[PDB]
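The next block holds one structure in the form of C-alpha cells; read it before the comments.
Readers should treat all values here as calculations from the given coordinates under stated rules, not as data from a laboratory. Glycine also receives a Cβ, built like all others from the backbone with ideal geometry; neighbour counts cover every protein chain displayed.
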Amino acid sequence: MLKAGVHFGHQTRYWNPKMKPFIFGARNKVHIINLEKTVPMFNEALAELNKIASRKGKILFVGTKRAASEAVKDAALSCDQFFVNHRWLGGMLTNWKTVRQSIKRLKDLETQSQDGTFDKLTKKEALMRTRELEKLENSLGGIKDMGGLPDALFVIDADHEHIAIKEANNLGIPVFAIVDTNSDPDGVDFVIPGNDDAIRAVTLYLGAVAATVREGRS
Amino acid sequence: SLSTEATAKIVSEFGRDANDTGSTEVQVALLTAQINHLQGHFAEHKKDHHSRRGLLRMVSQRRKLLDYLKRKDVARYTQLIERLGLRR
Amino acid sequence: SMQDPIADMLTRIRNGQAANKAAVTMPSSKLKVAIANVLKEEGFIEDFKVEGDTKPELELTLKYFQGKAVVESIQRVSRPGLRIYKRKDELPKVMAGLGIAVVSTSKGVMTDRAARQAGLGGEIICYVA
RNA sequence: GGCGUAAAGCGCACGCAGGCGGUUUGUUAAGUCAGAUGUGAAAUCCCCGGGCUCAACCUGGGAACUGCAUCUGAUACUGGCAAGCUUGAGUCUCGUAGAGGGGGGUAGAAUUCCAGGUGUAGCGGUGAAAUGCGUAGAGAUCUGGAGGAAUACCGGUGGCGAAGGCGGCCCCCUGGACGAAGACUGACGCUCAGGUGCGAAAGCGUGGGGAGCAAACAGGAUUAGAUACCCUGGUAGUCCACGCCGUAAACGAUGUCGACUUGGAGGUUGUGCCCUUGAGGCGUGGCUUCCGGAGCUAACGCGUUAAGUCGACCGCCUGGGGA
C-alpha cells in the first residue's frame, strides 16, 4: 500500500517467540517484523480472498473496539459481508446447533414481548423481564442472516478479537488479519502489516478488502 | 597460585628458543613446580580436602603429560625426568 | 565428548526440516561433502555451499517445492561401534524401493544402485526417501 | 525391553586395566566387499522323474547348507605404524566474586553458678491442675565476679563447596571457577570394574566439659489404665583435644560427557564502546531463580541448565506376602 509512515521508537521488547522466522530482533534495541515477509505477501493476498467471494463464499468482518467498529460497520451494513461490531456470544459459530436456536430466540423473546403479561398499555418496567433479547441481539444483530458456516474471516486486529480467530480455527475457516509483534502467527492464514497508531488511517485497507469482496463479474 | 616471577625461573631453564611454554617439556615442569609447592603447604596442617584434590588434579595432569611425552619421544622424556624428581 | 562427525549431521536436517527451515548448516568434513554431492545428484537437496577460514562450515538447501517437504525419510543406519555391511545382493531397497541407500565402498561414496551396478557391496552410511 | 516415581542411576572426587576418539598423506592387510578352485558324507526339507490311489517309505536327478581353507582383485573405512596439522583439549600476561576449606584468633547476651544488700508472700505452670520453687527470705531488683555454647541485625531476588555442608569482624595459608586483548603446544581428549580419599545426625575410644535443650529416669498427673501426650525436675548426648564409624527423604528421588535449538521476568559477576566529558545509552562472556512453548512422558513433571534431539562409556534390573 506504500503508506505506511514514520515512527520512532517502538517494540524493544514486546514479541511472541513463535515469530522468530518472521522477525528481526536481538539487535539494535528493536523487535520488528521483516518487510520481506509482509509486503511481498500482502500485495498478493487479496486475490486469494476474491477467489472465495467469486464462488459465493460467506464473508465475516470483525472489529468490536470503538475506534475500529466505526469503520467496520460502515464497510458491512449495506454489503454482502456479515459483521460483529459490539460483542461475541460463546460458541457463536462452533456451537452451531445451539446458536441456531439463539437466532430463533430473537423471534421468541420479540413475540413474548407482545403476549399476555407483556401485551399491556404500560411496559416501562415489564419489558425489562425480556431484556435477554437485546443482550442476544448485541452479538447476533449483523450475522443472524448468515446461517451454518462462513467461508472467510476478516479481522481488524490479530490479537484484540482473538475469540473470532479461535472460532474460525475450530471451524476450519481462512483468517485474514492485521498483525502485531505480540499476536499469534499460527491462528492467521493471511497477514496484513499495520500499526495501532494508524487504526483511523487504515480505512483505505478496509476499503480494498471491501472492494476485493465485490470485484466481479464472477 | 604461582607468580610470573617464579615461572621466570622455570621457563628460562626448561625452554630452548622462546616462546616454548605451551610445549609438554615446559608444562610438565610448570605442573611439577605447582605440585612440589602444594605438597608443602601440608605439614603443618592436613585437614583440607579441597587443596588435596587440587594437588591430585595437578598430579593427574602431570602423569598424563609424562605418558604423552613418552609416547612422542622417549629421549625427550628421559632427558626431562633427570631434571624433575621421578622414580627416585 | 564428540566421537563421530556423522552423529550431529542428520539430526540438524531432521529437526530443521521440522522447524520448516530452507537451509541447514554444519561443520564441514570429507564425508559430509561426499554425502552432499550424491544427495544433490539424486535431487534430495537443491544445492550446497562451504566456506570458512577459521572453521569451514557447510550449508545445504532443503526442498519444499510449493510447501510440502520433498524428503519423506531421513535416516542414518550403521554406526562406528556397530557397523552394517551389505553384500552385492543383500544391498537394501529402502522404503520398499520408494527410497535409496548410500554406501562408502572401496571406490568411494555412492548409491546402492551404483554399488549393485558395480557388482559390489560395502558399508552403509545413509538411508533416505 | 527398562532405570524421575510405578522396578533398576552408585551420596561424592580422581583414575589404572578395559570401551570410545578430529584430520592431511603413505603403507600393513587383522576386518569388510569382489572372483575362483577345493570342501561342506549319505538319508532329508524344496524343485522334480519313477514306484503304491494321496501319502508314510524306497528313491532317480537337482538345489541349498550365506560356512571354512587356499589362490587373487578393489584400495574405501576401522585397527596398526610413521610423517603433517589445528580453529578438539590445555596454560597464561592484566584482572573478578564468593556463608568453600585449614590455621589463628576475636566480641557480646540471658536462663546458671558465687557472696551479699533492698524486701514481703508470693513464685512456677496448663486446655484444665498439681508435684515443685519459697519465710533457711523466694520471685524480682542491684553490686562485684565465675562458667558454657553459638556467632542476632544485613540475609534476599542471593553465593561458595566434590558431595555432606558453609554466614560475624580481623590476620595469614590455599583449591576451583570466570572476563578482557593476545599466544605457545599439537588429539595431549570422553568414560571407568576393582581401587584411592571424603561424612550429616546418632554411636564407639582416651582425657576434659556442662549455662540452654533433653532421650533414659523419678514425680505431678490425667485416666478405665498411663508404663505416653501435657506439666516439674534430669543423666546420656550436644562442645573440645583428637582417633574411629562410613551411613541419610545424602532429594529438583533425574549417572558422567558433547553438540543443536522459541522465549519472558529477574538476580548475581566480569567486561567491549560513545570527549563514557555519563548520571545515561549501545553491547557481551560466566553463574543461576521463577513462569512456560515445540518435543518427551501413563500422568504429574522435564522443558535450551530439557525427562527434548542424538552419540561414547559406566553402574543396574525383571511382581508383592516371605526377605
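For segment B:1-23, the set of residues classified as free of Cβ contacts under 8 Å to residues at least 12 places away in the same chain and in contact with a helix residue (DSSP H, G or I) (Cβ under 7 Å, 6 or more places away or on another chain) consists of B:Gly15, B:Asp20, listed by residue number. When we screen A:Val175, A:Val179 for residues that are closer than 17 Å to A:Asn16 by Cα and of a type outside the set (D, E, K, R), the only hit is A:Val179. Of all residues in segment C:1-46, those satisfying the criterion of being surrounded by fewer than 17 Cβ atoms within 10 Å (Cβ to Cβ), more than 10 Å from RNA strand D (Cβ to nearest atom) and over 15 Å from C:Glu57 (Cβ atoms) are C:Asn20, C:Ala22, C:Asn37, C:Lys40, C:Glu41, C:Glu42, C:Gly43, C:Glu46.
In this structure, C:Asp53 qualifies as in a loop (DSSP other than H, G, I, E, B), of a type in the set (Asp, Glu) and over 16 Å from the mean Cα position of the chain (by Cα). Residues of segment C:87-118 that are away from RNA strand D (no atom under 15 Å from the Cβ) and assigned to a loop (DSSP other than H, G, I, E, B): C:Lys93, C:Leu98, C:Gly99. Among the residues of segment C:1-23, those identified as closer than 18 Å to C:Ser73 by Cβ, under 13 Å from the mean Cα position of the chain (by Cα) and either among the acidic types (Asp, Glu) or not in a loop (DSSP other than H, G, I, E, B) (or both) are C:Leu10, C:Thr11, C:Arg12, C:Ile13, C:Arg14. For segment A:138-166, a residue qualifies if it is in contact (Cβ under 8 Å) with a residue 60 or more places away in the chain, charged (D, E, K, R) and farther than 30 Å from A:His10 by Cβ, and the qualifying residues are A:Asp145, A:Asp151. The requirement of being over 30 Å from A:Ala126 (Cα atoms) and either within 14 Å of chain C (Cβ to nearest Cβ) or not charged (D, E, K, R) (or both) is not satisfied by A:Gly90. Among the residues making up segment A:17-37, a single one is within 15 Å of A:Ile178 (Cα to Cα) and either of a type in the set (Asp, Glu) or near RNA strand D (Cβ under 8 Å from one of its atoms) (or both): A:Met19. Of all residues in segment A:57-96, those satisfying the criterion of being basic (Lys, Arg) and in contact (Cβ under 8 Å) with a residue 40 or more places away in the chain are A:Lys58, A:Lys65, A:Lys73, A:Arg87.
Here the condition is being closer than 13 Å to A:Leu60 by Cα and not in a loop (DSSP other than H, G, I, E, B); of A:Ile173, A:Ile165, it holds for A:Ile165 alone. All of C:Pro92, C:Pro27 fail the test of being closer than 15 Å to C:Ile125 by Cβ and of a type outside the set (S, T, N, Q), apart from C:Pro92. Taken over segment C:19-68, the residue count meeting the criterion of being of a type in the set (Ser, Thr, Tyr) and within 14 Å of chain A (Cβ to nearest Cβ) is 1. If you go through segment A:119-148 and keep only what is in a loop (DSSP other than H, G, I, E, B) and surrounded by 14 or more Cβ atoms within 10 Å (Cβ to Cβ), you end up with A:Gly141, A:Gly142, A:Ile143, A:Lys144, A:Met146.
Conditions tested, residue by residue: (1) more than 14 Å from every other protein chain (Cβ to nearest Cβ); (2) assigned to a loop (DSSP other than H, G, I, E, B); (3) more than 7 Å from RNA strand D (Cβ to nearest atom).
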| residue | (1), (2), (3) |
| --- | --- |
| B:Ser1 | yes, yes, no |
| B:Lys9 | yes, yes, yes |
| B:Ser12 | yes, yes, yes |
| B:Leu30 | yes, no, no |
| B:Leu56 | yes, no, no |
| B:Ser60 | yes, no, no |
| B:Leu65 | yes, no, no |
| B:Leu86 | yes, yes, yes |
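Remark: pairs (first residue in segment A:19-46, away from chain C (no Cβ under 14 Å); second residue more than 11 Å from RNA strand D (Cβ to nearest atom) and assigned to a helix (DSSP H, G or I); Cβ separation under 6 Å; 6+ apart in sequence or on different chains) = A:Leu46/A:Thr212.
Looking at C:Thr61, is it under 24 Å from C:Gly99 (Cβ atoms), of a type in the set (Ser, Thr, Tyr) and more than 8 Å from RNA strand D (Cβ to nearest atom)? When the stated conditions are applied, C:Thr61 passes them. For segment B:32-54, a tally of residues being in a loop (DSSP other than H, G, I, E, B) and either near RNA strand D (Cβ under 8 Å from one of its atoms) or of a type in the set (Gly, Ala, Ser) (or both) returns 8. Quickly run through segment B:67-84 and pick out the residues that are in contact with a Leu (Cβ under 9 Å, 6 or more places away or on another chain) and assigned to a helix (DSSP H, G or I). Within segment B:67-84, B:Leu69, B:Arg76, B:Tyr77 meet the criteria.
Checking each residue in segment A:176-201 for being within 18 Å of A:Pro40 (Cα to Cα) and of a type in the set (A, V, I, L, M) picks out A:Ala177, A:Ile178, A:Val179, A:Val188, A:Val191, A:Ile192. Looking at C:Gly67, is it under 19 Å from C:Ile125 (Cβ atoms), more than 8 Å from RNA strand D (Cβ to nearest atom) and out of contact with any strand residue (DSSP E or B) (no Cβ under 9 Å at 6 or more places or on another chain)? No; evaluated as a whole, the condition is false for this residue.
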